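Visitor:
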Amino acid sequence: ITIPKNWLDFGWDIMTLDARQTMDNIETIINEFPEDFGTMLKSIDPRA
Amino acid sequence: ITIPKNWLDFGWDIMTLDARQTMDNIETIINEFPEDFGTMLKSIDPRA
Amino acid sequence: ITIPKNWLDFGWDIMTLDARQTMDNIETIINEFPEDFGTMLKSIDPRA
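Residue numbers (the authors' numbering), protein chains in the order written: chain QE, 148 to 195; chain QJ, 148 to 195; chain QI, 148 to 195.
1. With 7 Å as the C-beta to C-beta threshold (strictly closer), list the residues of the stretch 153–165 of chain QE near chain QJ in chain order.
2. Taking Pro193 (chain QE) as the query, report the chain QJ residues whose CB atoms sit under 9 Å from its CB, ordered along the chain.
3. Less than 7 Å between the CB of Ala166 (chain QE) and some heavy atom of the ligand HEM, yes or no?
4. Given that a residue counts as buried once 16 or more other Cβ atoms are within 10 Å of its Cβ, and exposed if not, what is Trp159 (chain QI)?
5. Would you decide whether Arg167 (chain QE) is buried or exposed? Buried here means 16 or more other CB atoms lie within 10 Å of its CB.
6. Name the two residues that bound the continuous alpha helix (DSSP H) containing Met170 (chain QJ).
7. Chain QJ beta carbons: is any one of them nearer than 8 Å to that of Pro181 (chain QE)?
8. Give the secondary structure of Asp183 (chain QE) by DSSP, where H, G and I count as helix, E and B as strand, and everything else as coil.
9. Measuring only the C-alpha atoms, how far is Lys152 (chain QJ) from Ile161 (chain QE)?
Take a look at the structure:
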């Protein structure tokens, strides 16, 4: 109990860390809507 | 072994939690770049 | 065992509350890009 608590629970908060290493990418993908397409709205502005 | 159960438990709340809290700081920090370089792409477009 | 569970486990998620002050600030900085640099696209626009 005591030793796995200190290091494997840490390891399974690290199982949980997969969120807090992928939300970087997901938020970049959020930001890709204004970056890759919010740009393109400012291209629809030229078209208009 | 209860002395370990005392000190190691709130102790591991550095290990478990910091691996996540430092990384989300990093995820959000990195998400500045989809807005820094974001605004650079969003400037190249309206130049047209 | 119970004293950490009452004060220090709580306390070390409170050490984990440090990111839950930084995270706002960093996200405001993520926002300072589409705020300042994002309004300054509309400097690059009339300059164009």
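All C-beta atoms, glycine included, are put in the ideal place defined by N, C-alpha and C.
Guide: From the atom records:
1. Cβ contacts with chain QJ: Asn153, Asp156, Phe157, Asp160, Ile161, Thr163, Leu164.
2. Against chain QJ, a Cβ distance below 9 Å from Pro193 (chain QE) picks out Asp192, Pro193, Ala195.
3. As far as ligands go, the structure on display features none, and thus does not contain the ligand HEM.
4. buried
5. buried
6. 149–177
7. yes
8. In this structure, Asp183 (chain QE) counts as helix in the three-state DSSP scheme.
9. The alpha-carbon of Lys152 (chain QJ) is positioned some 21 Å away from that of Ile161 (chain QE).
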